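Report on the structure given below.
There are 2 protein chains.
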Amino acid sequence: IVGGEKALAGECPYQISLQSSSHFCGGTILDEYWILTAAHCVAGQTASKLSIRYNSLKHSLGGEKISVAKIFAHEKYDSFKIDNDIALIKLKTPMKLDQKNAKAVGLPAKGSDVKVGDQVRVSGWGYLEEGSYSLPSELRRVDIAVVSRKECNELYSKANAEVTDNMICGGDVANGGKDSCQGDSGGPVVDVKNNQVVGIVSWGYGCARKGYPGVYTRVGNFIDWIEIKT
Amino acid sequence: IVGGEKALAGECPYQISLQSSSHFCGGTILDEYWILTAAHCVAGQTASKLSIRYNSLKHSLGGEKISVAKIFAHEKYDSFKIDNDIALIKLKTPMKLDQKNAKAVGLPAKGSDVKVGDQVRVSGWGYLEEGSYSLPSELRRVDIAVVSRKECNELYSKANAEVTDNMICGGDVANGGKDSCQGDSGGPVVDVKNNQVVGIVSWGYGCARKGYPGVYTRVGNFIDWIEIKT
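As they're listed, the protein sequences go chains A and B.
For the first sequence, position 181 (counting from the first letter as 1) is numbered 181 according to my numbering, and the numbering increases by one without interruption.
In my numbering, each residue carries its 1-based index in the second sequence increased by 230.
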């Protein structure tokens with residue numbers, strides 16, 4: 001997370017750390033058994049080899065670790081376009097929720113989107129700057145403004161990339177400096193007001209660059225897919 | 231502000247910049263005519279040497295500038311102890327409130343306090359770290375944990391300083407890294423949940439050093455004092 005601040009106890013209770021030997025991606029608690037993350041995070045991984053840490057502001061210490069039992073990556077996931085970039089994880093044993101740093105987040109209405117002027121909170125243990133040498137140990141969080149789909153799409157032409165109906169953007173076009181980064185991927189993007197996960201940290205060009213908003217998977221487009229799979 | 235993030239549109243609509251040719255202190259909109267700040271900001275200053283900038287996330291650009299007409303420094307302000315460190319300012323002309331970036335914040339109940347477990351948001355244009363001699367141009371906010379009076383008192387009980395009953399503390403005692411700093415003085419300390427200003431940025435030893443938390447004036451102890459003057 002770039003341009004964020006350290007999360008406080010109970011601020012982002014839905015955040016999980018997805019791990020294989022150590023942290024590589026974030027995830028969002030949907031219930032006792034089910035974690036939401038990115039397809040690109042779980043793509044060609046073995047469930048048996050992945051775990052999560054929940055209930056902790058530190059990725060490598062505290063809370064509790066659970067084995068993953070199941071990986072569900074979107075069937076239309078395109079690794080080249082990073083489209084349909086969503087995955088569900090099912091855990092081998094339940095998380096104890098309602099627990100201050102362990103609490104589920106809500107799902108938005110089916111087919112909803114964000115609009116310019118919405119603010120959203122993005123959290124995780126990713127780099128503090130594009131290309132730092134280590135992950136912070138403490139959870140960061142950042143509030144960023146949503147960027148119109150059309151505008152974000154137009155900015156990313158310069159990089160030859162499309163932003164689709166399956167994606168939302170957020171960040172600061174003019175100045176950069178707020179964003180998710182490497183390690184943040186599959187992490188939550190939350191409407192705090194309504195307590196709803198609206199996005200997944202997905203991709204972008206570098207981190208926090210001027211003109212290059214972070215792109216997030218638009219959760220409103222997979223409400224179908226999530227409720228079936230669970 | 232150290233260890234914070236750029237306030238977004240609408241997040242800190244009660245922040246003002248108090249200025250003498252340029253910014254040197256913060257303050258909080260109580261209503262159209264009234265600004266709460268620190269006695270140490272206004273003491274031995276002439277009202278009509280002073281102006282505020284409201285309705286901007288920038289201290290030197292934007293919003294509107296309004297002249298000060300009156301200064302009420304607390305009659306028990308002790309400048310050696312920085313105790314009773316509260317002032318009220320009345321403006322020459324009213325602020326247009328109920329804007330995106332201009333609203334009043336509320337006052338806590340008479341005699342209230344903060345406890346361990348509470349978090350408060352501190353905002354302003356102060357230095358982004360200790361001794362970095364330049365103001366950010368954009369408003370920052372940080373959320374800190376409350377530190378008990380007792381603990382804070384023991385922590386300062388070592389720089390020969392006393393945290394009195396008229397004072398509350400915030401900071402990270404383990405890590406430091408989150409604090410107000412120079413230029414942030416008189417700025418608001420808010421309980422975001424209830425939309426109440428419970429503190430005024432008062433004093434500290436350095437900025438964001440662990441075991442030297444930021445010390446704030448305890449607004450709950452001046453509720454009588456404020457409501458009378460207005």
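Ideal Cβ positions, reconstructed from N, Cα and C, are used throughout, including at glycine.
#### Entry: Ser123 of chain A vs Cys12 of chain A beta-carbon contact at 8 Å
yes
Check: For the region 434-445 of chain B, which residues have a beta carbon sitting closer than 9 Å to at least one beta carbon of chain A?
Finding: none
Is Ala375 of chain B close to chain A? Criterion is C-beta to C-beta, closer than 8 Å. yes
Once you ignore the five residues that flank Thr460 of chain B on each side, which residues in its own chain have a CB closer than 6 Å to its CB?
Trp264
For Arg379 of chain B, the three-state DSSP class (helix, strand or coil):
helix
Discussion item. Just to confirm my understanding: we take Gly117 of chain A, look at its own chain, exclude 5 residues before and 5 after, and list those with CB closer than 8 Å. What are they?
Written reply: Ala145 and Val146
Point to revise | chain A contact residues for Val403 of chain B, given Cβ-Cβ distances below 7 Å | key: Per Cβ cutoff of 7 Å: no residues; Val403 of chain B is ~14 Å from chain A at best.
Self-check item: Sequence-distant residues of the same chain with beta carbon closer than 7 Å to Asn285 of chain B, five excluded per side
Solution: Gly293, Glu294, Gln329, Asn331 and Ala332
Can you name the residues that DSSP bridges to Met397 of chain B?
-> B:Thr447
| said: If I measure Cβ to Cβ from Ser67 of chain A and keep anything under 6 Å in the same chain, skipping five residues before and after, which residues do I get? | reply: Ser51 and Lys92
Task: Rounded C-alpha distance that separates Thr267 of chain B from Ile231 of chain B - done: 16 Å
Subject >> Boundaries of the alpha helix (DSSP H) in which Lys58 of chain A is found, first to last residue >> reply: Run containing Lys58 of chain A: none; DSSP gives neither H nor E here.
Does the beta carbon of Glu235 of chain B come closer than 8 Å to any beta carbon on chain A?
yes
One question on the structure: do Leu128 of chain A and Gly211 of chain A come within less than 8 Å of each other, judged by their Cβ atoms?
no
On the DSSP bridge assignment, give the partners of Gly27 of chain A in chain order. A:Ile16
Closer than 9 Å between beta carbons: that is the criterion. Which residues of the region 238-256 of chain B meet it against chain A? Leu238, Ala239, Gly240 and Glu241
Member of A:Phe80, A:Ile223, A:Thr164 and A:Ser137 whose CA lies at the smallest distance from the CA of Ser22 of chain A: A:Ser137
Based on Cα-Cα distance, which residue from A:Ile29, A:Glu5 and A:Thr217 lies nearest to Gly106 of chain A?
A:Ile29
- Compare the C-alpha of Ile316 of chain B against each of B:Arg283, B:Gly256 and B:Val350 and name the closest. B:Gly256
Check: In or out: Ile228 of chain A buried (at least 16 other Cβ within 10 Å) or exposed?
Finding: exposed
field: Extent of the continuous alpha helix (DSSP H) to which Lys459 of chain B belongs
entry: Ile453 to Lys459
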